[PDB]
């Protein structure tokens, strides 16, 4: 008998999902044991994993791995290429996730992670406020956003377009919720950094900063502490993930999809007013397999995943219980999910955007790389301390430093 140890995310509901999958798999394969446990945060999941590698107590597999962290683990050879474990292609094929999987491809040609969920970062809009200003739908381009903004200030001078303290904070991860969604949309998914080199789209980058400076100049940004600004009326646009809906169900029950709030892709430059399928950043994590595992343990692990993704109903169950969007390309058209999306139209918009979203960069120094984005260009523009051109150049020069 072979034993696979599986470390699930630090959340009871997600752990239960995996455990139920494990028990059903064991009924079908009596010679294999899939032991699921909830990963400890000591103080974070990443430190728990780093410590296990060091003490040689890594499990066979764990989920909860984002692309940047996977790049660190791959560089130290603590995890193995999944494409070297028989069964990977079968999993990708059956779950209809080829486009999503392809976006994860690493610089060396290997795939180190099997994405579990992929939550595109979209933007919520206050339709009620937009209607008071004469609009029936959210603007799509930077210029349209600016005209909405002028009308907003004329009727409500204390309101802003975007209110979030994180906008002026240089913490690296925060960029995944402001800069990346807009940059990915403007550059049609440019990787910013790839294969250890700065491949940033200068045009998209500088025009995004120009747009932000205009918002800043017209008092359309609020980068200070503010409680529930979007829900209480201070702002009319907010970056938003699926996890916000259960919260609104509780605290803001009057917010209703397509009545008082809308969900859309990030704003794009005017030149792309006609583009369908706008890209954004995807908050996505998945499964990796540790080098410490034997080949039989690794194949057994992949066979388990093959079992899990052989029935579309399992992804439906994942979505309905964890509220995390499954990393597949066809959810909105697949009849398995029709009834659910019919009842949850707001989640359908998220599922519709998965194949066009781009995950975090596959570079081990993502922390310094991303902190520079905020410190040198984003935070200064939000605070009106630098001009767009100078900010972008200050950023590029600093990135070169980190990348040697």
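Numbering follows the first chain given and starts at 1.
- The mean C-alpha temperature factor is higher for 361 to 369 when 337 to 345 and 361 to 369 are set side by side.
- Annotation for 47 to 55 versus 346 to 354: the higher mean temperature factor (C-alpha) is found in 47 to 55.
- Across 75, 239, 312, 184, the entry's maximum B-factor at the CA atom is seen for 75.
- Based on the entry's C-alpha B-factors, the most elevated value among 155, 126, 285, 317 belongs to 155.
- Residue-level temperature factors show residue 321 in the lowest third of its chain, judged at the C-alpha atom.
- For residue 109, the recorded CA temperature factor ranks within the highest third of the chain's modelled residues.
- Annotation for residue 21: C-alpha temperature factor in the lowest third relative to the rest of the modelled chain, per the entry.
- Per-chain ranking of the deposited C-alpha B factor places residue 31 in the highest third.
- The PDB entry assigns residue 235 a C-alpha temperature factor belonging to the middle third of its chain's modelled residues.
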